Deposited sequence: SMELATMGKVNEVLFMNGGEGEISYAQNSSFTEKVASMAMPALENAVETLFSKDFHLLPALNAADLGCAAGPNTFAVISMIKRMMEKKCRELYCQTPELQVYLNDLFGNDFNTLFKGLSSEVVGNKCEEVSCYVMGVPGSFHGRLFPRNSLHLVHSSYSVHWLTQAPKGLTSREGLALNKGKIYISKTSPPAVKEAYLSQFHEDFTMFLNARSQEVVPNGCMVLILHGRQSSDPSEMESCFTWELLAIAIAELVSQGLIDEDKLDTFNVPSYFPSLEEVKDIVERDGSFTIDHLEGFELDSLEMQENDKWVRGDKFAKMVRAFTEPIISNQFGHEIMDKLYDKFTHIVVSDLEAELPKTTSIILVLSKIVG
């Protein structure tokens, strides 16, 4: 739903990044090597790979040389990528019309560190993965940091300055780790198309920046007051995720020397299906998406036998307390090129 809208918004940035690769004759290499990192997109992963497939086919059809092939690395691969495998594998598709063969591989492991040999990647795509951290900020998980962000699970208006500082610091570290890892693996002049969950305002405590996590904390606090969750637990737990601003992303990429910013863009989208007339169906659909992306870290924290009652309260807060309206979600599009190198 929302994911679909984000994916289409980033598609032109993906096209141009392929175009730039062509201007450096990447289409004349024996094979183009593409990776999709954090394949949790996705469904929307099929569109981006089909798009690379198609742009190569258009480019190479007038070339006298033997037609280049496409090698696709998919990471997150949980064996459910079979729908993408069967849809993109040119041997499985069996289309004799296609001149560009596509070979699809699974890459196990974390997008945070190394996944491939040196100079093995020409193009990296990653959508809504890079804002995830390796852990809750270290300054928040020390013996005395467990006390800083009391009734919440993320940067909030109630958070002392140390909280957002810790998060930015953790992001700086984890994102630089990523950049460093990719820098080893992305070929000189290679491209990277990153899309992530960010924010508009410079202040992270702003609702538009934190609403999803703020509302979840309010829901957890409800069950806490009702005596169903230990609060222990609320006060010591913080989310392993950060939504940076444009400026923060720029800063970190520029401090790291490895990549050049070809494109840095933010854009806003509605956070719920505003075309939906049923105020309950609107929030329920939103909550379902939220649950799909957040239940792993959350149920791990509070147990699974409380996830139903928890996400129900979350939906009730969205529907009733907020009249099925939320601030708009900001997404960041970051296109990078590996410097030579």
Check your understanding: What ranges of the deposited sequence, counted from 1, have no C-alpha atoms in this structure?
Key -> 1 to 29, 106
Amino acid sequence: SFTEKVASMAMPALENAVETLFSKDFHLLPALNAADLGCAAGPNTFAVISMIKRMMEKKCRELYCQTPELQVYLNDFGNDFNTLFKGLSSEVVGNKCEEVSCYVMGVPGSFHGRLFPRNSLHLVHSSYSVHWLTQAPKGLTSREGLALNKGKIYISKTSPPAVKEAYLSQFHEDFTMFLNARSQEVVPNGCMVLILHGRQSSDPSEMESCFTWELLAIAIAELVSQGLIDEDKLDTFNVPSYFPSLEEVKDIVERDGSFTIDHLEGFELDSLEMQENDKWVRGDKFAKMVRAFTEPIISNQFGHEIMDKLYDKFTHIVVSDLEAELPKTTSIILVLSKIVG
From here on, numbers count along this sequence of modelled residues.
Review point. Once you work out the mean C-alpha B-factor for both 80 to 88 and 98 to 106 from the entry, which is higher?
Key: 80 to 88
Revision key, fill the gap. Averaging the C-alpha temperature factors as deposited, the higher value of 12 to 20 versus 313 to 321 falls on 313 to 321
Check your understanding: So among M177, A136, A221, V253, who wins on Cα B-factor in the entry?
Key -> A221
Revision key, fill the gap. In this crystal structure's PDB entry, the residue among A47, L70, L28, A40 with the greatest CA B factor is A40
Practice item. Sort the modelled residues of this chain by their C-alpha B factor and say whether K279 lands in the lowest, middle or highest third. Key: highest
Point to revise | Third of the chain's Cα B-factor distribution that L148 belongs to, per the entry | key: lowest
Exercise for review: Place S225 in the lowest, middle or highest third of its chain's C-alpha B-factors, as listed in the PDB entry.
Suggested key: highest
Review point. How does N33 rank on Cα B-factor within its chain, lowest, middle or highest third?
Key: lowest
Check your understanding: Taking the entry's C-alpha B-factors for this chain, is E231 in the lowest, middle or highest third?
Key -> highest
